[PDB]
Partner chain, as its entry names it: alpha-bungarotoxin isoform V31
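Below, in structure tokens: the form deposited without its partner chain, a single chain.
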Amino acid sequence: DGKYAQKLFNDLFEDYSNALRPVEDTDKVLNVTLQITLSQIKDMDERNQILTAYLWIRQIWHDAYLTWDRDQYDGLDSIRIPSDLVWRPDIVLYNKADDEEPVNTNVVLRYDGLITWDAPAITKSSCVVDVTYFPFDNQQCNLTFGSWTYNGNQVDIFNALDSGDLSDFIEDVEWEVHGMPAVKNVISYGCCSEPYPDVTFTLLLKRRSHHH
């Protein structure tokens, strides 16, 4: 009984471009919320001052062109669609230190155009040491995310949460996570430029104690 999911798919995509920002009117902004879930601290390189982190990135937004009437599809109200088929906001890690592989994913598309996209990621980024605050062996590792393609009048980005999600991550032997607070920064240039937003997570690491 996937008959309806196929009908929907064929219907949604008869005339649909994954290159067109999916708003009904071009001067409307499209908002995206971002949540970062830390999965593991793969490597803290103190020689290069580079953090390698494994994350889950969750992006949520509305697509104006991918809606449908549940009644016309035997109640079907959600479908999983390869992510390459839909327009995406092109949110990437701005402060990559890296070179810098792909891994394919699906989005969940709800009948009201709401797209939820969970995708794994590996980030390499530079960190700054601090030995001012206890235990005097710490790292401040910023991760800054933003659209590579769109300015803030086109795509505006927001934190879903006050901080990165640290509920479940593999945990590193040398470094403890002290926090990962999130902020949003919007920069505009000179008197009159378009805005350029990002969200930044500051992962605060402190050297693990092995004493007591």
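Numbering follows the first chain given and starts at 1. For the two forms, the rigid core is made up of the largest set of C-alpha atoms that agree within 1.5 Å on superposition.
Where coordinates are absent for parts of the deposited sequence, a chain break appears; between neighbours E100 and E101 it spans 1 to 3 residues. Look at the C-alpha B-factors of 28-36 and of 47-55. On average they run higher in 47-55. Comparing the deposited coordinates for 153-161 and 172-180, the stretch with the larger average C-alpha B-factor is 172-180.
Within the listed group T116, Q139, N142, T123, the record reports its top CA B-factor for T123.
When the modelled residues of the chain are ordered by their C-alpha B factor, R88 lands in the lowest third.
Per the deposited record, the Cα B-factor of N10 falls in the highest third when ranked against the other modelled residues of its chain. In the deposited entry, the Cα temperature factor of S167 sits in the top third of values across the chain's modelled residues.
Same protein, other form: the form solved in complex with its partner chain, not shown, and the subject of what follows.
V186 is the sole member of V186, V29, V183, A160 with a non-hydrogen atom within 4.5 Å of its partner chain in the deposited complex.
In the deposited complex, at least one heavy atom of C191 sits within 4.5 Å of its partner chain. Its partner chain is not drawn, but in the deposited complex it has no heavy atom within 4.5 Å of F13.
Shown alone here, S147 lies within 4.5 Å of its partner chain in the deposited complex, counting heavy atoms only. The shortest heavy atom separation between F9 and its partner chain in the deposited complex exceeds 4.5 Å. Heavy atoms within 4.5 Å of its partner chain in the deposited complex are found in exactly one of 147-155, 34-42, 172-180, 50-58, that being 147-155. Relative to the superposed rigid core, the position of the CA of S188 differs between this form and the one not shown by 2 Å or more.
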